[PDB]
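Undergrad: structure of the sequence below:
(chains A and B)
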Amino acid sequence: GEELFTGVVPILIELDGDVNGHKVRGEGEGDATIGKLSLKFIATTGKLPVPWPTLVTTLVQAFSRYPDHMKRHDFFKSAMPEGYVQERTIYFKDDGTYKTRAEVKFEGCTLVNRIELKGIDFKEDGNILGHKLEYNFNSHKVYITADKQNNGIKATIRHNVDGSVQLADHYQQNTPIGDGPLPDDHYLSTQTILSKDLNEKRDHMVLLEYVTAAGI
Amino acid sequence: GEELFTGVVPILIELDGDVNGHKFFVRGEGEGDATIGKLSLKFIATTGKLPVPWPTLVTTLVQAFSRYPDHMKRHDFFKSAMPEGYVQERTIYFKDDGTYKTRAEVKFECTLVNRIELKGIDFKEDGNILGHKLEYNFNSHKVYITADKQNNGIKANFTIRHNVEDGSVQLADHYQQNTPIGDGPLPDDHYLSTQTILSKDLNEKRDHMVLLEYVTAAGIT
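TA: Numbers count the residues shown, from 1 in each chain, chains lettered A, B, ... in the order given. Please see the structure below:
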């Protein structure tokens, strides 16, 4: 299923999120060849209650560069084009929690991951509901390990805040939807940049990401 | 069936044409944005030098890619039979010359394919068409559409103006008919406004035609 990831692929991302009773559409393209994502996300509903950094990780691991020596270690591509389910529970230290279910599939000459998010237990005038996070991101390593039992995968994000840091504990689970592949323990190193179209009246985020794999 | 036309769509076009016993094959590739009514296409005459100029073949060569504005969504025949598609038949009377008769099938294979035979009869040698006296250009037109309760589809009638190198104009009467292939949708009378530009890749040695097209709908106030 890596065949599908030779060259450029169109991307659809739709998130249905509910944070403390407060109820994003993204388009662009991804190059598994370069681990390069270019995406613009659109809130639609109104002024988002959470900052733009919290939602990103919740915003396509299959587009990551697994080097040629690491080919047989690509869970994400192997369930193609039938796809995966990605569930995460995300504990923000000293704050609330996201609980996320995602489906990552081809529904095209074009990919899609359609996602529900339910955020509960966030404190008002906390760092999250108060939008005290900077419009930026740090680099991270993605420690991946196999799950013979669930036939899939499992896997602390630093959000820059007034100079403090909010950590966000990520517990992730990935299950194939067809009958696909598992690889040994490995790590994904990331970079993401936030930007904005100053022509855009609505609340938005332009995203550029670079992710390559390493570890054995 | 509009789901399929959100964003960019790949296009395949194949023509099998016979004009006064002259057999030729044209293959076209590119993409279309129903969002912008935007077609970009390169056509290739696999067989040789085309017998007929390249401007006669453009209409015969995807009206589902026309932008119908938001008030006009329920007036989109072409979108509604997709992915199973339509048949597009035309008889084209070139005033003071010969006639094309064209049958086409427009479907998804998610690339949008229309496979077409053309048969031209009674064109006069050293007429404007067989003599290649047409300029390599196009005009803007209105595409007048009307429903067909009986044939469960569409008709359309229009006189395409082809510029002649001698300053004259060749008119070409288009009688068109569209029928669904599945069990799809119909709209009231409305009109499609068009623009097309011809260009060439100066690197390909075969003769060919690069196309950019802009088509939007209007008519219901």
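Undergrad: on the three-state scheme, the residue nearest in space to the middle of chain A is what?
TA: Nearest to the mean C-alpha position of chain A, counting by Cα atoms, centre = their mean, stands residue A:57 at 3.3 Å. Three-state assignment for residue A:57 (DSSP: H, G, I helix; E, B strand; the rest coil): coil.
Undergrad: that one and chain B: what is the separation?
TA: Look at residue A:57 and chain B: by Cβ to the nearest Cβ, to the nearest Å, they are 25 Å apart. C-beta here means a position set from N, CA and C on the backbone, and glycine is covered the same way.
Undergrad: torsion angles phi and psi at that residue?
TA: phi -60, psi -30 (degrees, to the nearest 10).
Undergrad: OK, contacts around it?
TA: By Cβ atoms under 8 Å, 6 or more residues apart in numbering or on different chains, residue A:57 lies in contact with A:88, A:90, A:157, A:168, A:170.
Undergrad: and whichever helix or strand the last one is part of, which residues are buried?
TA: In this structure, residue A:170 sits in strand A:165-176 according to DSSP states H and E. Residues of strand A:165-176 classed as buried under the neighbour-count rule (16 or more other Cβ atoms under 10 Å in any protein chain shown) are A:166, A:168, A:170, A:172, A:173, A:174, A:176.
Undergrad: identify the bridge partners of the closest residue to the third one other than its chain neighbours.
TA: Take residue A:170 and drop its neighbours on the chain: the residue closest to it by Cβ to Cβ, 6 or more residues apart in numbering or on different chains is residue A:90, 5.5 Å away. Residues in a beta bridge with residue A:90, per DSSP bridges, are residue A:98, residue A:170.
Undergrad: ok, the buried residues of strand A:165-176 vs residue A:135, which is closest?
TA: The shortest approach to residue A:135 among the buried residues of strand A:165-176 belongs to residue A:166, at 13.7 Å (Cβ to Cβ).
Undergrad: what's the local residue count around the residue nearest to residue A:170?
TA: 20 (other Cβ atoms under 10 Å in any protein chain shown).
Undergrad: what's the residue of chain A found nearest chain B sitting at in phi/psi?
TA: Minimum separation of chain A from chain B (Cβ to the nearest Cβ) falls at residue A:109, amounting to 4.0 Å. Backbone torsions for residue A:109, taken as degrees, to the nearest 10, come to phi -60, psi 30.
Undergrad: and what of residue A:207?
TA: Backbone torsions for residue A:207, taken as degrees, to the nearest 10, come to phi -130, psi 130.
Undergrad: once you drop chain neighbours, what's closest to the residue of chain A closest to chain B?
TA: Going by Cβ to Cβ, 6+ apart, residue A:109 has residue B:110 as its nearest residue, at 4.0 Å.
Undergrad: quick one on the thing from earlier: residues touching the residue of chain A closest to chain B, list them.
TA: Residue A:109 touches A:10, B:9, B:10, B:110, B:111, counting by Cβ under 8 Å, 6+ apart.
Undergrad: strands along chain A, start to end?
TA: Under the criterion DSSP state E, strands of chain A are mapped to A:8-19, A:25-31, A:36-42, A:84-92, A:97-106, A:111-120, A:141-147, A:152-154, A:157-160, A:165-176, A:186-195, A:204-214.
Undergrad: if I take the fourth one and strand A:165-176, what angle do their directions form?
TA: Meaning strand A:84-92. Strand A:84-92 and strand A:165-176 are oriented at 160 degrees to each other (axes from the mean of the first three to the mean of the last three Cα atoms, to 10 degrees).
Undergrad: the second one now?
TA: Between the direction of strand A:25-31 and that of strand A:165-176, the angle (the same axes, to 10 degrees) works out to 70 degrees.
Undergrad: strand A:25-31: partners in the sheet, and parallel or antiparallel?
TA: According to DSSP bridges, strand A:25-31 has these partners: strand A:8-19 (antiparallel), strand A:36-42 (antiparallel).
Undergrad: for the shortest one, same thing?
TA: The strands that strand A:152-154 pairs with in its sheet are strand A:141-147 (antiparallel), strand A:165-176 (antiparallel) (by DSSP bridges).
Undergrad: can you pull out the residues in contact with that strand?
TA: Contacts of strand A:152-154 (Cβ under 8 Å, 6+ apart): A:75, A:84, A:144-147, A:171-176, A:182.
Undergrad: and if you look at the fifth one?
TA: For strand A:97-106, contacts defined as Cβ under 8 Å, 6+ apart pick out A:4, A:54, A:58, A:60-62, A:76, A:80-92, A:111-121, A:177.
Undergrad: now the residues you listed: which count as buried?
TA: Buried, going by 16+ other Cβ under 10 Å: A:54, A:58, A:60-62, A:76, A:80, A:83-86, A:88, A:90-92, A:111-113, A:115, A:117, A:119, out of the contacts of strand A:97-106.
Undergrad: can you put the strands paired with strand A:25-31 in JSON lines and add mean neighbour count?
TA: Listed next are the strands paired with strand A:25-31 as JSON lines, based on neighbours: other Cβ atoms under 10 Å in any protein chain shown:
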{"stretch": "strand A:8-19", "mean neighbour count": "17"}
{"stretch": "strand A:36-42", "mean neighbour count": "18"}
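Undergrad: thought residue A:176 was touching residue A:79?
TA: Yes: the pair residue A:176 / residue A:79 is scored as a contact, 4.2 Å apart, by Cβ atoms under 8 Å.
Undergrad: what's residue A:63 in contact with, if anything?
TA: A:5, A:9, A:30, A:31, A:32, A:35, A:36, A:37, A:211.
Undergrad: pull the most distant pair out of those.
TA: Every pair of the contacts of residue A:63 checked by Cβ to Cβ; the farthest is A:9 and A:211, at 14.8 Å.
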